[PDB]
Asker: 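My structure is below; once you've seen it, I'll send some questions.
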Amino acid sequence: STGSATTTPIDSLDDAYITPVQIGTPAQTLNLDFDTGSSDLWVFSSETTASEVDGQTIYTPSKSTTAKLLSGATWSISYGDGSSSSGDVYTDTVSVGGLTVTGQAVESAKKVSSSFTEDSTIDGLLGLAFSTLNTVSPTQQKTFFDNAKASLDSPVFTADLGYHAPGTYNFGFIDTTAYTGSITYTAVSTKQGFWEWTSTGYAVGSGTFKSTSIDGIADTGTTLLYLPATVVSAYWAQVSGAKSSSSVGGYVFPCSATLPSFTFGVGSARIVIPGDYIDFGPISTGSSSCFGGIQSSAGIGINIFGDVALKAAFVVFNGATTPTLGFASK
Ligand code: NA
């Protein structure tokens, strides 16, 4: 089997991407944030505290003939941005892009933090990191990908995120029409439960490539590219008037600037992030200070190849017995 679903930016900045997901019988379609940096499929629901729901579509298990309470199971998750959610668990039928899993754990939120309530466009998350990170207790649950894997034509999914445009998540196949040149594969460590890999270096603009190992995670649920402070300083030093602002919480730059590209290494291959991808617009409405899309990972404890980096590539998440990542230009 295979599945193929379109993923759409939630706003004009590509802050996140939503993908429609069918849950239950008859189908309830919710727009979920597919997150390769976490391992819970959780939704706004009929159980969510009413004051914490503001425009989201909810899952109502009582209206699904295939929903079953997973008795005694609870979940609670905290993300890198400080957001959180928690609740109880149902099993139900879940379909993505025509690919169906029966008996998927659907984590129903009883509580969500303010950042979730305030984002009316995101109805929940679908985690695509390794199932070792799943937070369900006392019986840990599998991701949608792990439950689908054995049925797929190939044990893979691909992320093809758009710049200010829709893109695609495919399950079970490589679309050889969706990228240019060849795919370069690189090793993955699953020791922290992430799609963790090592970039071979970077370049700023038309500058020389610096060969250096940068360990980090491929995380579709993170907006920006978070890299070591040395690398980030080298990038922003090429933008007149850019500075790190403790008040704003990262590097800012004059909205009048033209940003340089940023290149990262994947083995001997190179992915180029155009400068425009690194512009996250005014820090507040009408400001002439703009927020940068490359930020320091210092204090986060890991480097994160978030959407700024991933949307410059066609990315293969190879879930074979020995997982690997693949990157191609597009
Ligand atoms: Na922000």
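One-based numbering along the sequence shown.
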Asker: Judged by atom type as modelled, is there a donor-acceptor pair below 3.5 Å linking the side chain of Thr36 to the main-chain atoms of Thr220?
Answerer: yes

Asker: Among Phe173, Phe144, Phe145, whose ring-ring contact (aromatic ring centres under 6.0 Å, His included) with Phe157 holds?
Answerer: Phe145

Asker: For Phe264 together with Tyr202, are the ring centres under 6.0 Å from each other?
Answerer: no

Asker: Would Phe209 end up clustered with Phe262 when hydrophobic side chains under 4.5 Å apart are linked, directly or stepwise?
Answerer: no

Asker: Looking at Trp42 versus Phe116, is the centre-to-centre ring distance below 6.0 Å?
Answerer: yes

Asker: Membership question, hydrophobic clusters at under 4.5 Å side-chain separation (ILVMFWY): are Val272 and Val315 in the same one?
Answerer: no

Asker: Is any side-chain heavy atom of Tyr79 closer than 4.5 Å to a side-chain heavy atom of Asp35?
Answerer: yes

Asker: Checking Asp219 side chain against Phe305 main chain: does a donor-acceptor pair fall under 3.5 Å?
Answerer: no

Asker: State yes or no: do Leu310 and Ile300 share one hydrophobic cluster built from I, L, V, M, F, W and Y residues joined by side-chain heavy-atom distances below 4.5 Å, directly or via other members?
Answerer: yes

Asker: State whether the side chain of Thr223 and the backbone N or O of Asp15 hold a donor-acceptor pair below 3.5 Å, judged by distance alone.
Answerer: yes

Asker: Among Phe314, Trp197, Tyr185, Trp195, which one satisfies ring-ring contact (aromatic ring centres under 6.0 Å, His included) with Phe327?
Answerer: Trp197

Asker: Any donor and acceptor pair, going by atom type alone, linking the side chain of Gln140 with main-chain N or O of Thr132 inside 3.5 Å?
Answerer: yes

